[PDB]
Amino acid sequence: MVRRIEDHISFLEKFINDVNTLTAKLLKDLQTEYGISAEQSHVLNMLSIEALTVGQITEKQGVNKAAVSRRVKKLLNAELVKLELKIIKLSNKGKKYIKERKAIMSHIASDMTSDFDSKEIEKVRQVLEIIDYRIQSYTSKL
């Protein structure tokens, strides 16, 4: 079992890099055309799901109390995000951006899974949901 989960782990690290490498390539032009970097794009993607504060973002991101403060002020100056700890939500324009990001992904994902059996995907998705639940739970403890 040792060489087993270790193989799964090695495999998942590779799958994650390939997903990141492919995502960056498919979004280079959009970010280019919106004047934002990959890093700022990943921040808009986090806020497409829930309104966050520099505090939250920093925890999920990593060691960047200032690098986050900067990136967020830059997003505010580009009017891609807005305020209401502070109320950091997406502006209408950051939403247009997220809609054009989803539409680009959704499209190649669709063509890539058109043949999958939804009953099988559904079982796989439940398993990953439980693991996701345990990762988030463990992240909370310590």
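Numbering starts at 1 and runs along the sequence shown. So that the term is clear: the rigid core is the largest set of C-alpha atoms that superpose within 1.5 Å between two forms.
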Stretch with larger C-alpha RMS deviation in 8 other deposited structures of this protein, core superposed, 57-65 versus 40-48: 57-65
More shifted region, core-based fit in 8 other deposited structures of this protein, 93-101 vs 70-78 by CA: 70-78
Flanks modelled, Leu85 absent in at least a third of other entries: yes
Deposited but uncoordinated residues in the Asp111/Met112 interval: none
Average Cα temperature factor in the PDB entry - higher stretch of 26-34, 57-65: 57-65
Mean Cα B-factor comparison, 66-74 or 96-104, giving the higher one as deposited: 66-74
Third of the chain, ranked by Cα B-factor, where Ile135 sits: lowest
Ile49 - Cα temperature factor, lowest/middle/highest third of chain: highest
